[PDB]
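A single chain, nothing else alongside it, follows as structure tokens in the form deposited in one PDB entry.
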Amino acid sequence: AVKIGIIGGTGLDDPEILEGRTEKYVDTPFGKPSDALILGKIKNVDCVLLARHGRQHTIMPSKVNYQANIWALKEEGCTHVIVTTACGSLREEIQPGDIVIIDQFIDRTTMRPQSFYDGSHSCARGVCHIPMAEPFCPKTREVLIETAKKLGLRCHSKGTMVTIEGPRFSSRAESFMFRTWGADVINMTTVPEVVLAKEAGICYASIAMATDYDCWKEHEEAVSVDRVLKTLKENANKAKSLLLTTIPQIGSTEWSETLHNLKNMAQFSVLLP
């Protein structure tokens, strides 16, 4: 059995995706998740939805409790986490509305706990050094890429996400520098969400949707809250269809080996006294 946690991002966190919905507030050792978990199904597949920023978008990226969110989904029995994330495009060919199935990140966050193993929690004892060479589940990403193609969606098969602390958007000097580093898209939430998922032995994949060109390009609409909201109003249906079509595919394929390998990588990264 698979069970899929879905973490909804900005404008991309609609509960109406699940049938047979039940709201469940939970607690974890790291505190409360962003909001109630929503338990439901897509076709025959058990899913668990969680709004990254709360259902009213009340929590800014720096204050999102990534530890509690991931812990809650794990405790619920999730084998996979597929998230949505809005993002700025750092590449001419990645147009607003395009989906990017990201495969790498560059961390520019500064204020966030990136591990469960902080020496303060009984549930996560020891020192943990998780490998990050392959941060995203390649098997899940494959299915997302193939599905987006079946849907006729404009979609990119890879991309490096730079995650900034926020909540401010980047300056132009920063935007230009991220391009020189080889970042393709920019957001405020991928790190440490992807890190904690890996420590939890969970298959994690991200659906990034471009909403703007940040501030590097010429003759584009400037990034702003209104601009991001506008692009998502117009294009959010794409991410919904992709999830709805991808999820039944995940449920019909075999994961025992992939998950065994993840659980091992996670277990062997922890040193006990």
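Throughout, we count residues from 1 along the sequence that is shown. Only residues modelled in both forms are compared. Take the two forms, find the largest set of C-alpha atoms that superpose within 1.5 Å, and that set is the rigid core.
Absent from the display: the form deposited in another entry. The rest refers to it.
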Take the rigid core as the frame of reference and indicate whether the C-alpha of residue 257 shifts by 2 Å or more between this form and the one not shown.
no
Taking the shown form as the reference, report whether the CA atoms of residue 11 and residue 168 lie closer or farther apart in the other form; the distance changes by 3 angstroms or more.
farther
Specify closer or farther for residue 243 and residue 11: how their Cα atoms are spaced in the other form versus the shown form, given a shift of 3 angstroms or more.
closer
In sequence order, what are the runs of three or more consecutive residues whose Cα atoms each shift by at least 2 Å between this form and the one not shown, relative to the rigid core?
9 to 20
